[PDB]
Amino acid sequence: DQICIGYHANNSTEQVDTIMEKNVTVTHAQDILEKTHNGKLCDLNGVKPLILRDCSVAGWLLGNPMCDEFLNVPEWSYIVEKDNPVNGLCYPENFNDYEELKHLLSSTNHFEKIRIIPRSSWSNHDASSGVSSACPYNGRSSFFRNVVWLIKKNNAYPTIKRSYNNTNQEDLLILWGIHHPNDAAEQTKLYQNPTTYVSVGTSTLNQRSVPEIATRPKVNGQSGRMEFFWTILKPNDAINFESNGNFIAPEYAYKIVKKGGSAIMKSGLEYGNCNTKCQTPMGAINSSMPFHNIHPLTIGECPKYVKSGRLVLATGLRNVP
């Protein structure tokens, strides 16, 4: 007659690692590493993202004619831009503090567009000839839609003096620019006055830009260049513009809604008509696992990211036949 003490055993094939020994087969284990995603870009808790497709953030904000899809985008959860969107600055040039503006976007969920300076408000200047073959639309020369490339009228460019007061509750993102002609002859043909500038002033901003008339290689058929600026006009503050030429004046600006909590995700995927609580640039994640090794740049309620290929915890004991 006997009584023996013993331990469980099964047909488990699960394996775990330890410092002194690898691949120890155990009776029970627990995988804690999520390794799959759905390969799509979904809505984040019901809110759809802003998929810029072939337009860059600048193409969208300035109003590149090829970006009409985003003239009035609604509230978004996160933003997706491609690595190299073809539609950005149709007329060649530079966008000042572009990366800082993009970073600012990353902390907002909505840009409501409003008209701060009617295009019909320019009575002593040509506000219709400001176009270029570099920004085509419906087979003809056009231009960024949110700003105005002002031209001289009746062989004159009387000095401009415009002021705008932010009577809204939200911070206002204002964009404007200046044109750098290719030579003196061009300066005279477009603005008449040879020596010009664009001065802008708010309670905090002080600036005066001058055109740098030079000749350069052709980009999108143009050897001229546009230089764009931006500032945030606080509620109740006013912005003053003065210029005797080369001014690319604002028309539309954006009211900023800091519902705060966004991100500019780099991806070539399009919208996958799905909903998730955790999104990576490669696809969504839906799991209870504490960890995941999909991608490090995620948004929403997600598992912790690690580079591990395998992460299994032992729960049961060593499985001995």
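For every residue, the number given is its place in the sequence shown, counted from 1.
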| item | value |
| --- | --- |
| Between 170 to 178 and 125 to 133 (mean CA B-factor, as deposited), the higher | 125 to 133 |
| Between 85 to 93 and 206 to 214 (mean CA B-factor, as deposited), the higher | 206 to 214 |
| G63, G283, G260, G272, ranked by C-alpha B-factor: the highest one | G260 |
| Chain third (lowest, middle, highest) by recorded CA B-factor, residue given as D68 | lowest |
| Record-listed C-alpha B factor of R145: chain third | lowest |
| CA B-factor placement of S56, once the chain's modelled residues are sorted into thirds | lowest |
| CA B-factor ranking of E227, expressed as a third of its chain | lowest |
| Relative C-alpha B-factor of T195, binned into the chain's lowest, middle or highest third | highest |
